[PDB]
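I have placed the structure first, in the form of structure tokens, so that the comments after it can refer back to it.
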Amino acid sequence: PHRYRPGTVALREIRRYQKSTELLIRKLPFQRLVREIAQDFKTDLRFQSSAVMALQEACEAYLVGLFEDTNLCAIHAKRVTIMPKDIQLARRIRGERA
Amino acid sequence: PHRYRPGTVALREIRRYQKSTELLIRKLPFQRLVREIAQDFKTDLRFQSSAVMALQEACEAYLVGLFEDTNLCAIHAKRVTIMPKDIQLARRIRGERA
Amino acid sequence: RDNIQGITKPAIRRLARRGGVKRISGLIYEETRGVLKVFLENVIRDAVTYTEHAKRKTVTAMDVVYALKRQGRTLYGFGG
Amino acid sequence: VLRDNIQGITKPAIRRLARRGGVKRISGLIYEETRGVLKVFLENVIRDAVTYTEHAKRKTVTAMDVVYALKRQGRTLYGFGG
Amino acid sequence: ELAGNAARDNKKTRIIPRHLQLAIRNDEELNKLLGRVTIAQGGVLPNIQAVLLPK
DNA sequence: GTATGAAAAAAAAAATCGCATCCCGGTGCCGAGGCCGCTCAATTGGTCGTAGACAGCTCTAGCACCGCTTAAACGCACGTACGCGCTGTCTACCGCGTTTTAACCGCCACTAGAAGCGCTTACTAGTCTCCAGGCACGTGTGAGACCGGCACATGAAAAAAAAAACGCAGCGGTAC
DNA sequence: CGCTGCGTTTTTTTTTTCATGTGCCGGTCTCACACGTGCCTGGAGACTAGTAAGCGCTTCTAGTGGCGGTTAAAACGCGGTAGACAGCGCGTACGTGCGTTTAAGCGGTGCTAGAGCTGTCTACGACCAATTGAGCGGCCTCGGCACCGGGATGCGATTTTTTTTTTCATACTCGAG
Ligand SMILES: [Ca+2]
Ligand SMILES: [Ca+2]
Ligand SMILES: [K+]
Ligand SMILES: [K+]
């Protein structure tokens with residue numbers, strides 16, 4: 038057959054997802070996680086559909102913004118791949134960890 | 038002849054200045070700057086000596102903060118010298134710039 | 023359960039692609055799962071504090087807005 | 021009478037800052053880069069400060085103006101009237 | 064003003080969030096003022112770092 | 001015999017090829033846009049009371065000098081270890097095609113809890129008067145820095161001693 | 001001629017000195033902590049009073065299951081390629097440490113702008129009713145945008161037509177017959 042060279046699907050996967058705004062985590066998975074994490078701080082809580090989507094709209098905004106910073110670090114290391122030691126450097130400079 | 042190998046004094050110099058707390062910018066210079074910079078906003082100003090000192094404490098603390106963030110970016114690129122690119126990267130992830 | 027794995031590899035990759043990430047180490051996926059959990063935990067904590075204080079057993083969008091604003095992650099278009 | 025004082029933040033002084041930084045090795049280009057970031061930072065804080073001074077019809081910038089300025093800028097200083 | 068322009072550019076009569084996002088992130092000042100503000104359903108300005116592009 | 005000349009291979013730019021993304025309409029459905037009459041929150045108008053504008057007066061503290069002293073900044077010089085680019089190995093992360101799964105729909109029925117409406121109480125703001133806590137003065141004595149003399153762990157040098165290219169010499173081999 | 005080893009000369013690595021900055025001890029001088037005293041303002045007392053808020057009851061929303069169906073999306077795995085990481089070389093930019101030069105610091109001293117309090121007056125905003133018309137919840141409608149395909153358009157990728165150097169062998173040139 039024919040096949041696209043490692044990367045050129047990615048570059049497209051970028052252009053696609055930058056030009057769009059649909060939320061990229063599956064709605065129900067996320068929501069279960071939210072209630073999982075909420076039981077910690079209080080049992081038999083109830084959420085407004087919107088309040089779940091308010092969280093999901095943030096988490097995604099944040100992670101997106103992180104990866105942006107992450108990617109600039111990986112690139113700073115004359116790399117193209119992102120790795121944990123790039124996230125951690127971002128988050129340290131951001132001031133989330135020590 | 039007796040000489041210490043490049044980056045040996047440097048390391049001593051660290052231990053020295055990390056153990057101490059005194060302002061490292063000679064005070065008159067710094068003061069002159071502040072007033073030079075105050076002109077840009079209002080002519081024939083005056084400064085409480087404590088104001089001038091409240092700035093120098095602030096600036097010196099900021100810079101020392103940057104160079105720590107800076108220095109982890111240099112190190113991120115398997116380096117040891119700090120380079121403008123490192124500061125640039127640090128301010129970038131901080132939010133001081135785009 | 024353990025719904026954190028419900029944040030599948032391809033979804034994280036999706037976010038990274040919006041982030042403008044070309045290449046993605048296999049480790050990342052679990053790391054991201056960690057950072058995400060911290061973030062949800064922290065927001066949800068303050069959110070549910072805001073709920074409990076109003077004495078409601080239902081968490082509102084406004085709980086979550088107030089939290090995000092505290093947490094320094096202000097949100098537009100759910101009120102407040 | 022010395023219209024370009026940014027220079028008075030001398031290479032050695034910046035070296036020392038960088039030492040407290042925990043920096044072993046300093047590119048030459050830095051100093052200037054530093055001087056520049058310094059300038060921005062002072063400029064930013066002192067703007068806000070003088071705003072506060074001016075708002076109080078004073079000709080004299082107070083230590084409190086500088087704190088109110090540092091607090092706004094997200095850069096909060098203890099031990100001058102906090 | 065800017066977000067209305069952004070809508071015309073995408074041939075739309077009705078401003079959606081992304082128009083607002085596009086409007087804000089491309090106006091240096093508005094972007095500064097709304098620096099720590101998340102716009103819902105507004106995605107991200109297209110940006111791809113040069114060194115990632117091929118050839 | 002010798003300058004010579006066309007095969008291999010390498011590298012490269014062009015044309016199938018096919019593959020995924022934008023524009024043309026046509027279909028329909030849903031959500032924005034807009035009117036309806038109802039409710040309260042904005043306005044009108046007047047009085048009572050205080051916040052702050054105002055001009056002085058007071059004294060503070062900020063400016064600016066004098067003129068030694070020294071430390072720090074500056075400015076050269078010599079060399080080393082770090083930055084940086086170039087290569088080439090291997091493996092891990094992308095791309096595409098089976099197989100597995102669970103999300104997203106458009107229904108269901110049920111209940112809590114949200115959210116509003118009332119009535120009642122206990123909880124605050126609001127007077128005033130009255131003490132004492134707390135602050136702006138002036139005193140003094142002691143912690144702590146500062147100075148200079150110490151052994152003291154040290155990394156940098158100097159002094160021996162356990163290996164890797166360099167001569168240079170002995171000698172075997174082999175055609176002739 | 002070529003090799004081969006073996007004494008030489010150098011290099012690498014070890015051991016011992018050695019010159020350095022360390023942080024370590026114990027005596028002097030300074031100004032900053034701590035006390036204190038006396039005055040003044042802001043907290044406490046206590047009682048008045050008016051209104052916020054908490055609890056129960058009224059309604060009805062909007063949140064929580066749950067039920068299958070189809071599809072788009074994850075899962076998984078195989079196959080190869082390009083990118084991560086180490087290892088080599090080279091080159092100059094930092095770093096040290098010396099000497100020249102500069103400008104900071106210090107402390108005491110003299111003026112004067114402007115802080116900042118302090119005791120007045122008066123326009124300005126609170127408040128407190130009564131009125132009224134905008135802004136809000138609620139019901140229709142209809143005209144953008146979302147989803148369909150269908151085809152034109154752009155682009156990477158593979159598979160075919162140009163230089164480049166080299167590489168292994170054949171057309172000219174001097175004497176020979
Ligand atoms: Ca000493
Ligand atoms: Ca005044
Ligand atoms: K003053
Ligand atoms: K409800």
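Chains as they are written, first to last, in the deposited numbering: chain A, 38 to 135; chain E, 38 to 135; chain B, 23 to 102; chain F, 21 to 102; chain G, 64 to 118.
The beta carbon of each residue, even a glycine, is placed where N, CA and C say it ideally should be.
Here the C-alpha atom of E:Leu65 lies approximately 18 angstroms from the C-alpha atom of F:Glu63.
Taking C-beta separations shorter than 7 angstroms and ignoring five residues to either side along the sequence, the partners of F:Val87 in its chain run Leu97, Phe100, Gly101, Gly102, following chain order. The three-state reading of DSSP puts A:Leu126 in helix, counting H, G and I together. The C-beta separation of G:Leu65 from G:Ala86 comes to about 4 angstroms, placing the pair in contact by the 8 angstroms criterion. Look at the segment 54-115 of chain E and you find these whole runs of alpha helix (DSSP H), each 4 residues long or longer: 64-76, 86-113.
Taking all protein chains in view, the Cβ of F:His75 is surrounded by fewer than 16 other Cβ atoms within 10 Å, so the residue is classified as exposed. For F:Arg67, the nearest beta carbon of chain E is closer than 8 angstroms to its own beta carbon. In the DSSP assignment, G:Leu96 falls within the alpha helix (DSSP H) that extends over 91-96.
The DSSP-derived three-state label of F:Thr30 is coil. Within the same chain, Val81, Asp85 come within 6 angstroms of B:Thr73 by CB-CB distance, once the 5 residues on both sides are set aside. Between the beta-carbon of F:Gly48 and that of E:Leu70 there is about 22 angstroms, and that puts the pair past the 8 angstroms contact cut.
In its chain, beyond the 5 residues on either side, no residue has a beta carbon closer than 6 angstroms to the beta carbon of A:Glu94. At a beta-carbon threshold of 9 angstroms, the residues of chain A lying near B:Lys79 are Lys79, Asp81, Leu82, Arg83, ordered along the chain.
Rounded to whole angstroms, the Cβ separation of G:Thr101 and A:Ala98 is 4 angstroms, and the two are in contact under 8 angstroms. Relative to the Cα of F:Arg55, the nearest Cα in the group F:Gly42, F:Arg78, F:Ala83, F:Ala38 belongs to F:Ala38. DSSP places B:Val43 in the coil class of the three-state scheme, outside both helix and strand. Contact annotation: the segment 122-131 of chain A touches the segment 108-120 of chain E, with at least three C-beta pairs closer than 8 angstroms. Within 10 angstroms of the beta-carbon of F:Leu22 lie fewer than 16 other beta-carbons, which makes it exposed. Distance from E:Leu82 to F:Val70 at the Cβ level is roughly 7 angstroms; contact confirmed, criterion being Cβ atoms closer than 8 angstroms. According to the DSSP secondary-structure assignment, E:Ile119 is paired through a beta bridge with F:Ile46.
Scanning its chain for C-beta atoms nearer than 6 angstroms, with the 5 sequence neighbours on each side dropped, one finds around B:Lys31 the residues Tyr51, in chain order. At a beta-carbon threshold of 7 angstroms, the residues of chain F lying near E:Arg69 are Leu22, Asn25, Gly28, ordered along the chain.
In the structure shown, F:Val21 adopts coil according to DSSP, grouped into three states. Short of 6 angstroms from the beta carbon of A:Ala127, and not among the five residues preceding or following it, lie these beta carbons of its own chain, in chain order: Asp106, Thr107, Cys110.
Per DSSP, F:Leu90 is one residue of the alpha helix (DSSP H) stretching across 83-92.
G:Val100 has B:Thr96 as its beta-bridge partners, per DSSP.
Beta-bridge analysis with DSSP links F:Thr80 to E:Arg83. It is roughly 21 angstroms from the alpha-carbon of A:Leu92 to the alpha-carbon of B:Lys77. Interface annotation, A:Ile124: not in contact with chain G, CB-CB separation never under 8 angstroms. For E:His113, the residues of chain A that pass the 7 angstroms Cβ criterion are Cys110, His113, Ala114, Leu126, in the order they occur in the chain. The Cβ of F:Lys31 sits no closer than 8 angstroms to any Cβ of chain E. As the crow flies, the alpha-carbon of E:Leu61 is around 16 angstroms from that of E:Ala47. The DSSP-derived three-state label of G:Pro80 is helix.
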